[PDB]
Amino acid sequence: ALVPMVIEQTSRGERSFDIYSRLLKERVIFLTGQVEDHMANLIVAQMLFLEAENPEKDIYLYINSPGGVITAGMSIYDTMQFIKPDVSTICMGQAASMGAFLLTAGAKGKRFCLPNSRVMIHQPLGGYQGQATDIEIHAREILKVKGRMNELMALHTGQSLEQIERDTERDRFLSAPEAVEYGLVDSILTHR
Amino acid sequence: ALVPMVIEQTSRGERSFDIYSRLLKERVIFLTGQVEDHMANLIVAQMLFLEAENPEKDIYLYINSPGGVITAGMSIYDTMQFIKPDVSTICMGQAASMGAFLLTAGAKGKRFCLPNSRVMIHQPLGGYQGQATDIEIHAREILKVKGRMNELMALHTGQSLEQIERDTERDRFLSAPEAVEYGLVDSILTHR
Amino acid sequence: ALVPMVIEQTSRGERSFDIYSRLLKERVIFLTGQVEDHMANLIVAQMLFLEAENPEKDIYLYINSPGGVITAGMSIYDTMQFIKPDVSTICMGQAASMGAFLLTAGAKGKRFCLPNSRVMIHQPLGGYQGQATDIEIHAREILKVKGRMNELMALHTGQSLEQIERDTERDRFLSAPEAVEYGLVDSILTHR
Amino acid sequence: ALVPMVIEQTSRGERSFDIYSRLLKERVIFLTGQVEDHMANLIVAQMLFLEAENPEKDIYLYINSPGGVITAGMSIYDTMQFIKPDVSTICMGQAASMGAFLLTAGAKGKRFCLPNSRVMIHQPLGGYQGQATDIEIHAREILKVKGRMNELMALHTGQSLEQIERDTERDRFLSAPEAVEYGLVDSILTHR
Amino acid sequence: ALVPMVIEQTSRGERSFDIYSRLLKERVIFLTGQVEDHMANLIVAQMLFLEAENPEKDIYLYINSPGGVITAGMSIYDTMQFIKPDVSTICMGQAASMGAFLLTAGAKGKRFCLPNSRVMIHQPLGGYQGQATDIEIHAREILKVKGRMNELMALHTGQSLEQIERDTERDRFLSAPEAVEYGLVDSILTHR
Amino acid sequence: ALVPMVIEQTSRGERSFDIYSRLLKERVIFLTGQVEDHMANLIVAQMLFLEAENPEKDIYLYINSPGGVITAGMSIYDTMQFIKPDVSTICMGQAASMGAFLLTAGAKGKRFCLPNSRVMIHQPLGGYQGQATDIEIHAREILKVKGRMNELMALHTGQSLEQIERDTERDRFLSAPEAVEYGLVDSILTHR
Amino acid sequence: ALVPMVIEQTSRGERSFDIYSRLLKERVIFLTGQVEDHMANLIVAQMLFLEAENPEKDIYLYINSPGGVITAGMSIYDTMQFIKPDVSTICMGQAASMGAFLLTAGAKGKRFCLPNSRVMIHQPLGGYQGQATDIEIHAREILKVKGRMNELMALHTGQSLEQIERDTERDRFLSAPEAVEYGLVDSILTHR
Amino acid sequence: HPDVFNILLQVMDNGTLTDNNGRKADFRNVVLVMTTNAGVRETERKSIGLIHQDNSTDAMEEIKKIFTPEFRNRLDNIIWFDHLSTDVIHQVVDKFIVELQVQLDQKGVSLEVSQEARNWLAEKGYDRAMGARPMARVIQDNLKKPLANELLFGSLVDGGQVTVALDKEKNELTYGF
């Protein structure tokens, strides 16, 4: 219907998958749209299946995301760091601090971004309504989460923790060359 | 469509399941999103089928849930405690007092949580509108439910009942090491 | 998609049902969520098919319901009482006076409830707006329905009619042991 | 998905229908929910197919309906009266003057109702807004429709036309024994 | 799912259509609900296919419609008048001036209506908002459409044009015998 | 489901398409409802496939449309004018200046309309809100579009450009004979 | 259903795809409607699959789009520029600065537009609400994006950067000949 | 199966076939005939729509795409058969009647059949969907059965003569000695 079907021949010459399944068969996983619980769960299932299928062959994660929930993103990140094969993240379109976090979270030397992609990083958002004690609890929790995210980004990009802390105070927009120089990605895919 | 299909070969080399069914075939059950009646019923059906299929092999329950209805969660919990094979709960993402309850409800020694997961525990919520007598009835019922949940958590985590009662008065956020030390989980999955 | 598929082998080794159909094949019927006309009609169709398939083998009705329309519930109840095989009702989660009615309506000696289930019973609700004559008609009808329900419950549980009438005046919450002692269920399922 | 699938063996042992189609194969038609144009059209199509399949074998119409449009009900009624095989109507749950009309419209001697069913009969409802002339036209039409319905009910139940006219002035609730004595149904299904 | 499936045997004994396709295979077309562009287009496609399949065998159009757009109805009417085989219209339920127009538009001698059907005829409705010139244009157009419809009805029913013009000034409700005497239908289907 | 399936035999006698695909196989394309981007894209894809399948056999476009976006209609028109086989447009129901434009855009001598169809032509609609400069730009653009449409209609119908300009100033309703005499269509389909 | 199915014969003569998949098999990709993340991701997946299938054969991108998000469009553009085979863009209907950007982004000498297509170009839109510092950040970012888009358009069309900057200050509507002369497309498709 | 066509390829092209012992069969003096009904159903119906298309270029011409063009390229010609006309039907009925007369003269029972009886037999078993196939069953059921009764029971022995004519009043046949 809305999604196309493809044909490929191995033995009988009769294989019709949706194009997303066909690309998954080639170890290509798409992370598009907002990051939430069910989408992240699907990405985690795909990565687990690809790791169990062939622990030696890389996994390619195509990132085009305006961000999302920090929790679901941390699930994808932990599954990326846990599995054996190297996961290479390619940023097409945009990556807004969560697509961006997962982009910098790729295997070192294999994090690419297309020349016209846009990368943004910022401190996490949140909030709570209630009594002063619960407000304090949730504020301490969100501060701890922000600190943990800053630590992880300073680890993955090579920048000092204070530099990341000063840079992610507000929205920082980075083009492909600025992202390469900053340390988020390793190189830019230009041509075949 | 939105969900991918996979290919695996046993006899004829022709097996196309949605990736969730493929993972269920490997005794992997996903508990994601809010906990409600239909989702819990589906989880219970999956666990019953897996138990009837092979009562000796473990079941892996991947928990990423912001909580949900206490009743549906208690159904999943009773089905976990009833069946013969050991059910191992892995907390990826978050577990907000119901994902958390079911996480601590796993088989002892087999409750894991990923290093960047977040666990929260709190007393149950509820309410009622009506006459004073019905208000009293429903308040006594919710207090009994809170007491039962505190008893079950103090049993599963090893902490004293008074300690659980004092800790779950407000939202208590626990990271992976704090959850391990607290007794909710047994260890942290780091790498292969 | 949202519902998983399973594989079982009898002759050709090629059988893919949704997990609910696979469990129905084992004479297991799920009654979850609110009780309304279409859900009750589906349950009745399932019970009729299972009775016509093998009139000697029991039917297992898993009840997790916050109640529902009295009429649809009475349809399920009449179909349960009519068919030949014994229908055994297992209460997982909750049963709010209609799940509870159908739970007590199971075959005597085969009504079980899980140890952490919650059972509530109460007089039926209703209402009408209009002229005084129609108000009187509908009030007499709802009173007759309440009396019939009290008679049926006093029959199925063994308690005296006056005891049921005094108990169901307000919401009565019963845990698993209190439900067993009261007569709603016969025993508690604990382990294999 | 929401509807289950069943398996039955005739020649190859490979037959998977939705349970409603499986019951239709046994000449069982379900009339549930409100009566409207599309539902009545589906019922008429089912009855025509069953009549063309085997004009000698009865058709079983399971009625659980809170009423509906008089027109669609009259279509079902005319199709019931036209076809050759006897259609037997079983009232499970309720029948509110249209389910009730179609219930009394079954083949004489084959109209059953379950012991806890509820039957209601009343004059038809309607209305119109506009000029006085159109109001008069539509009022005369609805009066003619009410008279025709009273005539048909007095024919099918055996009661005198004046008795039906006096009884259906307001909502008349009839239980199973009162419906049997009144003449709406012929007997009560109790057990196998 | 909501629509049933049927089984019929010609050569291999393996034919599962939705019941509507099975009835279409017997040259039975259902016109139910409101008349709009897509429903009329589907009816026209069905009639074209049935005409191309066997130009000598009749087509049975079951009409249950509260009316609809004049344009879509005129498309169905032109396709009925154009094709070679005789189309016989059976009015079950109701026919409100468009179902009624198409009912009287059937092949002469083959227009039947069930004994409890209701037929209504009236002048077409419409309207327009805008400048006085466009109001005049659209009013002249709707008057021409009304005149054309009156001419076609006076042709198909045998009544004089002035009689149709005087009768369709307001809603005229006709039962089955009054419709037969008026000339809309030729006879009443009573029994096999 | 809502759409029927058909059976046709060429070699194995096993071919089940939706009736729309079956008619497309006979080089019959349906243009119904409003004209928008996705519907026009589907029509263009169908016409391209039919042209590539057999560039010598005509394509029949059945038009029943209340109009639509000028742009999408111009896409269909350009694809009609580009491909090799003659496309014959049949107007059933109505054609409101875009269905009408595409109807007059058919192959000369092969543009038919059913005797009770209605054809309307009018100048294009539009609008814009913003600064005076952008208002002027969009007004000049819509005037150029209106001029281009008038030129194309004067070319396809044979009427002079000034006559089309004076006629399409307001809504001009044309019946089948008036459309034939005007030059929009070539003849009227009456019978086989 | 809403989408048609087609039949083509290579070896067994049994191939039923939705018409969109059939056209994709011929290296034809449709870009219709608004440009957003998921549609652009689907287009990118299709282009990657077509490139991996045959890196030497061209890809035909049919553009009918009122514009969309700049980010998703830049993803499609980068994937077009990256892959090996030449992608030829055909503008049918309209192209509003993003369809237009991707149209001018086709392979040089292979960018066609139909004679009645409409092309519009304009500076990108956007906005932000918040503190003055964040307003300044987002304004600088949108200005950089506008500059990058102007540079890319001046590169692909051959016009000087200042000319593009002066032309895209407001909405510039270009017909097919004006688009050819401007440099957006290379020629106009007229006939076979 | 489509894979026997692969043998038929070399059978028609080189006129030689080798069995598992390496011996070659010589097909040069052998006539290769293949019967089929491929394009029949593809053309037996008219077009769907308000305007009837030609539907004649598919005149069993679409037997291509079914016969692997390298196979059709070595056929001498694809000889299409048409449905039997009413005159052809009459001639076939006469042929069957002559055959029956020969079989009866083999037992010394000469048969005489009226021309109107022949035409009734023709119009009775006349069919275009099945050609002259149901004609054999029609003629058998109409003539052979009463004749078989007469010949086997003994009332008709060697030397008898049989006549038959149409009963136009009730649409039946005549039978006698």
# chains A, B, ... in the order shown; residues from 1 in each chain; ligands from 1
$ residues_around --residues "stretch 119-122 of chain E" --least-positions-apart "3" --cutoff "12 Å" --atoms "only C-alpha atoms" --output "short mmCIF file (atom, residue, chain, number, x, y, z; two decimals) with N, CA and C atoms, in the first residue's frame"
data_model
loop_
_atom_site.label_atom_id
_atom_site.label_comp_id
_atom_site.auth_asym_id
_atom_site.auth_seq_id
_atom_site.Cartn_x
_atom_site.Cartn_y
_atom_site.Cartn_z
N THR D 71 -36.98 1.28 9.79
CA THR D 71 -36.86 0.92 8.37
C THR D 71 -35.93 -0.27 8.17
N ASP D 134 -45.61 20.04 6.39
CA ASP D 134 -44.68 18.93 6.47
C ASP D 134 -44.75 18.21 7.81
N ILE D 137 -47.67 15.93 7.49
CA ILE D 137 -47.35 14.80 6.62
C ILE D 137 -46.54 13.76 7.38
N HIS D 138 -45.47 14.20 8.05
CA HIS D 138 -44.61 13.25 8.75
C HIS D 138 -45.31 12.63 9.95
N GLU D 141 -47.46 9.94 8.60
CA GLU D 141 -46.63 8.81 8.21
C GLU D 141 -46.19 7.99 9.42
N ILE E 63 -32.29 -2.17 -3.14
CA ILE E 63 -32.27 -0.75 -2.80
C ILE E 63 -32.74 -0.57 -1.36
N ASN E 64 -31.89 0.02 -0.53
CA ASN E 64 -32.26 0.46 0.81
C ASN E 64 -31.50 1.77 1.05
N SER E 65 -32.13 2.89 0.69
CA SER E 65 -31.38 4.14 0.70
C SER E 65 -32.25 5.30 1.16
N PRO E 66 -31.75 6.16 2.04
CA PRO E 66 -32.50 7.37 2.41
C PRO E 66 -32.35 8.50 1.42
N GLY E 67 -31.82 8.25 0.23
CA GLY E 67 -31.65 9.27 -0.77
C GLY E 67 -30.18 9.52 -1.03
N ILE E 70 -28.25 14.01 -6.17
CA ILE E 70 -28.95 13.76 -7.43
C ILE E 70 -27.97 13.34 -8.51
N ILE E 90 -35.18 -4.20 -6.45
CA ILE E 90 -35.98 -4.68 -5.34
C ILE E 90 -35.79 -3.72 -4.18
N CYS E 91 -36.88 -3.13 -3.71
CA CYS E 91 -36.83 -2.15 -2.64
C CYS E 91 -37.10 -2.83 -1.30
N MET E 92 -36.05 -3.00 -0.51
CA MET E 92 -36.18 -3.50 0.85
C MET E 92 -35.83 -2.38 1.81
N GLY E 93 -36.63 -2.24 2.86
CA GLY E 93 -36.44 -1.14 3.77
C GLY E 93 -37.13 0.12 3.30
N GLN E 94 -36.36 1.07 2.75
CA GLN E 94 -36.91 2.33 2.31
C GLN E 94 -36.27 2.76 1.00
N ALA E 95 -36.82 3.82 0.41
CA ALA E 95 -36.30 4.44 -0.80
C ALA E 95 -36.80 5.88 -0.82
N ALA E 96 -35.92 6.82 -0.48
CA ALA E 96 -36.31 8.22 -0.30
C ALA E 96 -35.93 9.07 -1.51
N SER E 97 -36.74 8.95 -2.55
CA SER E 97 -36.76 9.82 -3.74
C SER E 97 -35.52 9.55 -4.59
N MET E 98 -34.46 8.95 -4.06
CA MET E 98 -33.33 8.62 -4.92
C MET E 98 -33.17 7.12 -5.02
N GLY E 99 -33.18 6.42 -3.89
CA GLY E 99 -33.53 5.02 -3.93
C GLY E 99 -34.85 4.81 -4.64
N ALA E 100 -35.80 5.74 -4.45
CA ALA E 100 -37.09 5.63 -5.13
C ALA E 100 -36.96 5.89 -6.62
N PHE E 101 -36.20 6.92 -7.00
CA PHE E 101 -35.99 7.16 -8.43
C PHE E 101 -35.34 5.95 -9.09
N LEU E 102 -34.28 5.41 -8.49
CA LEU E 102 -33.62 4.26 -9.07
C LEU E 102 -34.50 3.02 -9.03
N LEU E 103 -35.42 2.94 -8.07
CA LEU E 103 -36.34 1.82 -8.01
C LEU E 103 -37.32 1.87 -9.17
N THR E 104 -37.94 3.02 -9.40
CA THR E 104 -38.81 3.17 -10.56
C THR E 104 -38.04 3.10 -11.87
N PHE E 112 -39.75 -4.76 -8.18
CA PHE E 112 -40.48 -5.31 -7.05
C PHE E 112 -40.15 -4.53 -5.79
N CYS E 113 -41.03 -4.62 -4.81
CA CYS E 113 -40.80 -4.05 -3.49
C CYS E 113 -41.42 -4.96 -2.44
N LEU E 114 -40.71 -5.13 -1.33
CA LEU E 114 -41.17 -6.02 -0.28
C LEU E 114 -42.40 -5.42 0.41
N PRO E 115 -43.25 -6.26 1.01
CA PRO E 115 -44.56 -5.78 1.47
C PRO E 115 -44.49 -4.70 2.54
N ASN E 116 -43.41 -4.63 3.31
CA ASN E 116 -43.30 -3.64 4.38
C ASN E 116 -42.31 -2.54 4.05
N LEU E 125 -33.55 18.88 -3.38
CA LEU E 125 -33.09 19.95 -2.50
C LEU E 125 -31.78 20.52 -3.03
N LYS E 146 -34.96 19.68 -11.47
CA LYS E 146 -36.25 19.22 -10.98
C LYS E 146 -37.17 18.86 -12.13
N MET E 149 -36.04 15.55 -13.65
CA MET E 149 -36.40 14.43 -12.79
C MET E 149 -37.89 14.13 -12.86
N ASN E 150 -38.72 15.17 -12.89
CA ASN E 150 -40.16 14.95 -13.04
C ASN E 150 -40.48 14.29 -14.37
N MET E 153 -39.47 10.60 -14.14
CA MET E 153 -40.38 9.82 -13.30
C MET E 153 -41.72 9.61 -13.98
N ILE E 164 -47.25 13.93 -11.51
CA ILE E 164 -45.98 13.82 -10.79
C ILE E 164 -45.58 15.17 -10.20
N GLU E 165 -45.79 16.24 -10.96
CA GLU E 165 -45.42 17.57 -10.49
C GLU E 165 -46.24 17.96 -9.26
N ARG E 166 -47.51 17.58 -9.23
CA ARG E 166 -48.35 17.92 -8.08
C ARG E 166 -48.06 17.00 -6.90
N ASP E 167 -47.66 15.76 -7.17
CA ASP E 167 -47.41 14.81 -6.09
C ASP E 167 -46.07 15.03 -5.41
N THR E 168 -45.03 15.39 -6.15
CA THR E 168 -43.70 15.55 -5.58
C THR E 168 -43.44 16.96 -5.06
N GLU E 169 -44.48 17.79 -4.92
CA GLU E 169 -44.29 19.10 -4.33
C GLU E 169 -43.87 18.99 -2.87
N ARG E 170 -44.39 17.99 -2.17
CA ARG E 170 -44.00 17.70 -0.80
C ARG E 170 -43.66 16.22 -0.70
N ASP E 171 -43.19 15.82 0.48
CA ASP E 171 -42.86 14.42 0.70
C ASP E 171 -44.12 13.56 0.61
N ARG E 172 -44.11 12.61 -0.32
CA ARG E 172 -45.22 11.68 -0.50
C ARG E 172 -44.76 10.29 -0.10
N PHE E 173 -45.32 9.78 1.00
CA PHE E 173 -44.98 8.46 1.50
C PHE E 173 -45.94 7.43 0.92
N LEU E 174 -45.37 6.38 0.33
CA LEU E 174 -46.14 5.32 -0.29
C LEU E 174 -45.71 3.97 0.27
N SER E 175 -46.67 3.21 0.77
CA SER E 175 -46.38 1.84 1.17
C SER E 175 -46.27 0.95 -0.06
N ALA E 176 -46.07 -0.34 0.18
CA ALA E 176 -45.93 -1.28 -0.93
C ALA E 176 -47.17 -1.34 -1.82
N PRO E 177 -48.39 -1.51 -1.30
CA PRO E 177 -49.55 -1.52 -2.21
C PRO E 177 -49.80 -0.19 -2.89
N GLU E 178 -49.61 0.92 -2.17
CA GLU E 178 -49.76 2.23 -2.80
C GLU E 178 -48.69 2.47 -3.85
N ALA E 179 -47.47 1.96 -3.63
CA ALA E 179 -46.43 2.10 -4.64
C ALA E 179 -46.75 1.25 -5.87
N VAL E 180 -47.32 0.06 -5.66
CA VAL E 180 -47.70 -0.78 -6.79
C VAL E 180 -48.80 -0.11 -7.60
N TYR E 182 -49.52 3.04 -7.68
CA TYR E 182 -49.06 4.31 -8.23
C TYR E 182 -48.28 4.10 -9.52
N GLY E 183 -47.60 2.97 -9.64
CA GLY E 183 -46.78 2.68 -10.80
C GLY E 183 -45.29 2.67 -10.56
N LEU E 184 -44.84 2.91 -9.32
CA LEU E 184 -43.41 2.89 -9.03
C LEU E 184 -42.84 1.49 -9.20
N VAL E 185 -43.53 0.48 -8.68
CA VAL E 185 -43.10 -0.91 -8.78
C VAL E 185 -44.20 -1.70 -9.48
#
$ interface_residues --of "chain H" --to "chain G" --cutoff "10 Å" --atoms "only C-alpha atoms" --output "list in words"
residues 2, 65, 66 and 68 of chain H
$ select_by_dssp --residues "chain E" --states "strand (DSSP E or B)" --output "count of residues only"
42
$ atom_distance --atom1 "atom CA of residue A:72" --atom2 "atom CA of residue B:189"
17.1 Å
$ residues_around --residues "stretch 28-33 of chain G" --least-positions-apart "4" --cutoff "9 Å" --atoms "only C-alpha atoms" --output "PyMOL selection string"
(chain F and resi 37-38+41) or (chain G and resi 20+22-24+39-40+43+46-47+59-68+99)
$ write_last_selection --atoms "N, CA and C atoms" --output "short mmCIF file (atom, residue, chain, number, x, y, z; two decimals), in the first residue's frame"
data_model
loop_
_atom_site.label_atom_id
_atom_site.label_comp_id
_atom_site.auth_asym_id
_atom_site.auth_seq_id
_atom_site.Cartn_x
_atom_site.Cartn_y
_atom_site.Cartn_z
N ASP F 37 -3.72 16.09 -5.06
CA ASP F 37 -2.39 15.67 -5.50
C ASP F 37 -2.27 14.15 -5.57
N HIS F 38 -2.71 13.44 -4.53
CA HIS F 38 -2.49 12.00 -4.48
C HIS F 38 -3.40 11.26 -5.46
N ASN F 41 -1.96 11.83 -8.83
CA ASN F 41 -0.75 11.04 -8.99
C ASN F 41 -1.09 9.58 -9.28
N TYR G 20 2.35 1.30 -7.29
CA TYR G 20 3.53 2.06 -6.90
C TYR G 20 4.76 1.18 -6.84
N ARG G 22 5.12 -1.55 -8.62
CA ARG G 22 5.40 -1.90 -10.00
C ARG G 22 6.18 -0.79 -10.70
N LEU G 23 5.82 0.47 -10.44
CA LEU G 23 6.57 1.57 -11.04
C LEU G 23 7.95 1.72 -10.41
N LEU G 24 8.07 1.46 -9.10
CA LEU G 24 9.39 1.47 -8.47
C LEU G 24 10.30 0.43 -9.09
N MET G 39 7.97 10.77 4.83
CA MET G 39 7.94 10.69 3.37
C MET G 39 9.34 10.79 2.79
N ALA G 40 10.14 11.72 3.30
CA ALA G 40 11.51 11.85 2.82
C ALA G 40 12.33 10.61 3.14
N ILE G 43 11.44 8.05 0.58
CA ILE G 43 12.08 8.36 -0.70
C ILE G 43 13.56 7.99 -0.66
N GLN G 46 13.93 4.25 -0.93
CA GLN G 46 13.71 3.83 -2.31
C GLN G 46 14.93 4.12 -3.18
N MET G 47 15.51 5.32 -3.03
CA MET G 47 16.66 5.67 -3.85
C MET G 47 17.86 4.81 -3.51
N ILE G 59 17.45 6.95 -12.26
CA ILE G 59 16.29 6.94 -11.38
C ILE G 59 15.44 8.15 -11.72
N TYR G 60 14.14 7.93 -11.88
CA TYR G 60 13.21 8.98 -12.28
C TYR G 60 12.36 9.39 -11.09
N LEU G 61 12.49 10.65 -10.68
CA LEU G 61 11.78 11.18 -9.52
C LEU G 61 10.70 12.13 -10.01
N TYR G 62 9.44 11.73 -9.86
CA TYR G 62 8.31 12.54 -10.28
C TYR G 62 7.89 13.43 -9.13
N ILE G 63 8.00 14.74 -9.32
CA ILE G 63 7.83 15.72 -8.26
C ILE G 63 6.49 16.42 -8.43
N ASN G 64 5.64 16.33 -7.41
CA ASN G 64 4.42 17.12 -7.32
C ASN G 64 4.25 17.48 -5.84
N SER G 65 4.81 18.62 -5.44
CA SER G 65 4.86 18.90 -4.02
C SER G 65 4.65 20.38 -3.74
N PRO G 66 3.82 20.73 -2.76
CA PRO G 66 3.69 22.14 -2.37
C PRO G 66 4.79 22.62 -1.44
N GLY G 67 5.87 21.87 -1.28
CA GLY G 67 6.96 22.26 -0.42
C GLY G 67 7.07 21.31 0.75
N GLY G 68 7.58 21.82 1.85
CA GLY G 68 7.70 21.03 3.06
C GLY G 68 8.85 21.52 3.91
N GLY G 99 9.87 20.96 -3.59
CA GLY G 99 9.78 20.29 -4.86
C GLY G 99 10.61 20.99 -5.91
#
$ atom_distance --atom1 "atom CA of residue G:26" --atom2 "atom CA of residue G:53"
11.3 Å
$ residues_around --residues "residue F:57" --least-positions-apart "4" --cutoff "9 Å" --atoms "only C-alpha atoms" --output "list in words"
residues 27, 50, 51, 85 and 86 of chain F; 53 and 54 of chain H
$ atom_distance --atom1 "atom CA of residue E:190" --atom2 "atom CA of residue D:80"
10.6 Å
$ interface_residues --of "chain D" --to "chain E" --cutoff "6 Å" --atoms "only C-alpha atoms" --output "list in words"
residues 21, 71, 72, 74, 75, 82 and 84 of chain D
$ write_last_selection --atoms "N, CA and C atoms" --output "PDB file, in the first residue's frame"
ATOM      1  N   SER D  21     -17.579 -16.106  10.669  1.00  0.00           N
ATOM      2  CA  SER D  21     -17.796 -16.859   9.440  1.00  0.00           C
ATOM      3  C   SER D  21     -17.961 -18.344   9.720  1.00  0.00           C
ATOM      4  N   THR D  71     -36.979   1.276   9.785  1.00  0.00           N
ATOM      5  CA  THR D  71     -36.863   0.918   8.374  1.00  0.00           C
ATOM      6  C   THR D  71     -35.932  -0.271   8.168  1.00  0.00           C
ATOM      7  N   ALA D  72     -34.711  -0.184   8.697  1.00  0.00           N
ATOM      8  CA  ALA D  72     -33.763  -1.281   8.548  1.00  0.00           C
ATOM      9  C   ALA D  72     -34.314  -2.566   9.149  1.00  0.00           C
ATOM     10  N   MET D  74     -37.469  -3.389   9.340  1.00  0.00           N
ATOM     11  CA  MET D  74     -38.484  -3.903   8.430  1.00  0.00           C
ATOM     12  C   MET D  74     -37.857  -4.588   7.228  1.00  0.00           C
ATOM     13  N   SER D  75     -36.679  -4.136   6.801  1.00  0.00           N
ATOM     14  CA  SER D  75     -35.982  -4.845   5.736  1.00  0.00           C
ATOM     15  C   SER D  75     -35.597  -6.253   6.172  1.00  0.00           C
ATOM     16  N   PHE D  82     -39.738 -13.617   3.606  1.00  0.00           N
ATOM     17  CA  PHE D  82     -39.746 -13.972   2.191  1.00  0.00           C
ATOM     18  C   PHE D  82     -39.071 -15.313   1.941  1.00  0.00           C
ATOM     19  N   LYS D  84     -37.384 -19.084   1.992  1.00  0.00           N
ATOM     20  CA  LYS D  84     -38.074 -20.353   2.202  1.00  0.00           C
ATOM     21  C   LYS D  84     -37.775 -20.989   3.558  1.00  0.00           C
TER      22      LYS D  84
END
$ select_by_dssp --residues "chain G" --states "helix (DSSP H, G or I)" --output "NGL selection string"
:G and (19-25 or 37-53 or 70-82 or 99-104 or 132-157 or 161-167 or 176-182)
